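Below, each chain spelled out in residue letters.
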Amino acid sequence: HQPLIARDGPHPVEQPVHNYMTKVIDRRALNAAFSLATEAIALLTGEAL
Amino acid sequence: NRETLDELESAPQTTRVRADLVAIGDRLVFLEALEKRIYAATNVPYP
């Protein structure tokens, strides 16, 4: 909402103005991969002991 | 005939206001730049 100043003279009389706007959230997604080693499975899962 | 009466009445109520006072020479004066204060969003130019 915006303030106004009251003018005196041949200035056209100003009346309040209001502003409604609406921005849309930008979207994104991120990545990474820690992929495991074959033998390392057969160790930590037991399965090879 | 040396008219000294004049007028002094209410010693008016006072408030503490944030201002900017600078001493230039022997005088104390207010530094006012009123744009953000009043002219800011109003579209009226700053005189």
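The structure under discussion appears in the preceding block.
**Quick word on the overall build of chain A**
For step 1, the next point in the chain: What chain A contains, in helices and strands, is 1 helix and 0 strands.
For step 2, the next point in the chain: Seen along its three principal axes, the alpha-carbon backbone of chain A occupies a region of about 95 × 10 × 10 Å.

**Let's talk about the overall build of chain B**
For step 1, the next point in the chain: Looking only at helices and strands, one finds 0 helices and 2 strands in chain B.
For step 2, the next point in the chain: Taken over the C-alpha atoms alone, chain B extends approximately 55 × 30 × 25 Å along its principal axes.

**Considering the side chain of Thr42 of chain B**
For step 1, the next point in the chain: By secondary structure assignment, the location of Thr42 of chain B is in the segment after β2 (27–30).
For step 2, the next point in the chain: A polar atom in the side chain of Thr42 of chain B sits 2.9 Å from the backbone oxygen of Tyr39 of chain B.

**Some details on unusual backbone geometry**
For step 1, the next point in the chain: The phi angle at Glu47 of chain A is positive, at roughly 80°, despite the residue not being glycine.
For step 2, the next point in the chain: Position of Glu47 of chain A relative to the elements: it lies in the segment after α1 (38–44).
For step 3, the next point in the chain: One non-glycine residue with positive phi stands out, namely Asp6 of chain B, at about 55°.
For step 4, the next point in the chain: Topologically, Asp6 of chain B is positioned in the segment before β1 (21–24).

**Topic: the pairing of β1 of chain B**
All names here are of chain B.
For step 1, the next point in the chain: When β1 meets β2, the two strands line up antiparallel, connected through 4 bridges. Looking at the pairing, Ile24 lines up with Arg27 of β2.
For step 2, the next point in the chain: Hairpin connection between β1 and β2: a loop of 2 residues separates the two successive antiparallel strands, and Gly25 in this loop has a positive phi of roughly 70°.

**As for the environment of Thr42 of chain B**
For step 1, the next point in the chain: Sequence-wise, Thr42 of chain B and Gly25 of chain B are 17 residues apart; in three dimensions their C-alpha atoms are separated by 36 Å.
For step 2, the next point in the chain: Discounting chain neighbours no more than four positions away, the residues touching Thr42 of chain B are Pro3, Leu4 and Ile5 of chain A.

Reading guide: rules and limits
Residues numbered from 1 in each chain as written, not as in the entry; some residues may be left out. Chains lettered and ligands numbered in written order. Part of a larger assembly, values for the part shown. Heavy atoms only, no water. Residues with missing side-chain atoms left out of burial classes, pairs and counts. Helix = DSSP H or I, 4+ residues; strand = E, 2+ residues; numbered from the N terminus. Polar contact = N/O pair within 3.5 Å; in protein donor to acceptor, adjacent residues only side chain to side chain. Pairing = 2+ DSSP bridges. Contact = heavy atoms within 4.5 Å.

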